[PDB]
Number of protein chains: 2
Amino acid sequence: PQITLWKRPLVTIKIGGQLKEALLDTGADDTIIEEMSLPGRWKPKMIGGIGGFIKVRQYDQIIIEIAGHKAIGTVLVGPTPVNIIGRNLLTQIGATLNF
Amino acid sequence: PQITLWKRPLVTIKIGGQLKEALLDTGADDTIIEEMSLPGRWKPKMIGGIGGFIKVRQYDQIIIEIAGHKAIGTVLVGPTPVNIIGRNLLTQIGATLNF
Ligand SMILES: CC(C)CN(C[C@@H](O)[C@H](Cc1ccccc1)NC(=O)O[C@H]1CO[C@H]2OCC[C@H]21)S(=O)(=O)c1ccc(N)cc1
Ligand SMILES: CC(C)CN(C[C@@H](O)[C@H](Cc1ccccc1)NC(=O)O[C@H]1CO[C@H]2OCC[C@H]21)S(=O)(=O)c1ccc(N)cc1
Ligand SMILES: [Cl-]
Ligand SMILES: [Cl-]
Ligand SMILES: [Cl-]
C-alpha cells in the first residue's frame, strides 16, 4: 500500500495465533509490543524513549506477519504505550518513506 | 525521495532561519524540536511515549522547511533527545509509507 499519515499508521500483525495491531514507527529503531502469548524466556534489554529508559524483554527469531507480509526477527515486550513496528522489521517488509 | 530504513530517516530542516536535522517519525503524532527560540505566544503542554511524559511549549503556525519542502503548523519545543518531525507536518509534505 501507499499509506498517508493523517491518522496513525496502524496495521494488522499476527504472532502465533494472536492477531494484534501495531503502529508503523519510522522513528523506532526496534519493535516493541505490550504482550505476546506464552513466549518463553527472554533476555533483558534497555531502551530509551522520550521520557527516559525502560527495561524490556528481548525475544529473537519471532515469526510475525505485518500487514500481510512475513518477517522474522527480534521483538521486544515492554511497557510501550502503543505497539510499535520499528525499523528492524520495516526493512524486512520493504517499507520506505516517500515524498 | 524514497528513503529506506536501514538507518534512521534523518533529514535537513530549516526552522527559525537555522539549519538543523530531524527524524522523520511516523510514530510521532506531532513535531518536537529541541530548545530554541520561536516567535509568537506558546502554550504549555505534555507529551508521552516510552518512559513517560515530558513538558513542552506549543507554538502554532510555525514555518519550517523539511528536506526542502515548506510546511506550516504546530511545533512543540522541549527536551527530546532528537528533533522529530511528526505526522502533523509529514502530512503537509505528502509523505507516505510504501510497501
Ligand atoms: C513511542 C511512540 C508511540 C511515540 N514516540 C515516537 C517514536 O518514534 C520515538 C522517537 C524517538 C527516537 C529517539 C529517541 C527518542 C524518541 N521512538 C522510540 O521511542 O523508539 C524507541 C524504540 O526503538 C528505539 O529507537 C529509538 C528510541 C527507542 S515519542 O518520541 O514518544 C513522541 C510522542 C508524541 C509526540 N507528539 C512526538 C513524539
Ligand atoms: C521546554 C521547556 C522550556 C518547558 N518548560 C518546562 C520547565 O520545567 C523548564 C525545563 C528546563 C530545564 C532546564 C533547562 C531548560 C528547560 N524549566 C525552566 O525553564 O527552568 C527555568 C528556571 O531555571 C532556569 O534554568 C533552567 C531554565 C530556566 S515550561 O515552558 O515552563 C512549561 C511548564 C509546564 C508545561 N506543562 C509545559 C511547559
Ligand atoms: Cl481515514
Ligand atoms: Cl493492515
Ligand atoms: Cl511462557
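Only heavy atoms go into these numbers, but all of them, side chains included; no hydrogens, no water, no symmetry mates. The chains referred to below are lettered A, B, ... by the order of the sequence lines, with proteins before strands, and numbering in each begins at 1. In each ligand, atom 1 is the first atom listed, and ligand 1 is the first ligand listed.
- Look at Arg57(B) and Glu35(B) and you find no salt bridge, because none of the NZ, NE, NH1 or NH2 atoms lies under 4.0 Å from a carboxylate O.
- Considering only residues two or more places apart in sequence or on other chains, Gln61(B) meets the side chain to side chain contact (heavy atoms under 4.5 Å, CB included) condition with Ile72(B).
- Under 4.0 Å is where a charged nitrogen must lie from a carboxylate oxygen, and between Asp30(B) and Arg87(B) no such pair does.
- Relative orientation of the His69(B) and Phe99(A) rings is perpendicular, given thresholds of 30° and 60° on the angle between their planes.
- The residue from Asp25(A), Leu23(A), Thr4(A) that alone fulfils the side chain to side chain contact (heavy atoms under 4.5 Å, CB included) condition with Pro9(A) is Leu23(A).
- Closer than 4.0 angstrom to ligand 2 sit non-hydrogen atoms from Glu35(B), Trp42(B), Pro44(B), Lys45(B), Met46(B), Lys55(B), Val56(B), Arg57(B), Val77(B), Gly78(B).
- Summarising the geometry of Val56(B) relative to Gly78(B), their closest heavy-atom pair is CG1-CA, 4.3 Å, with the distance given to 0.1 Å.
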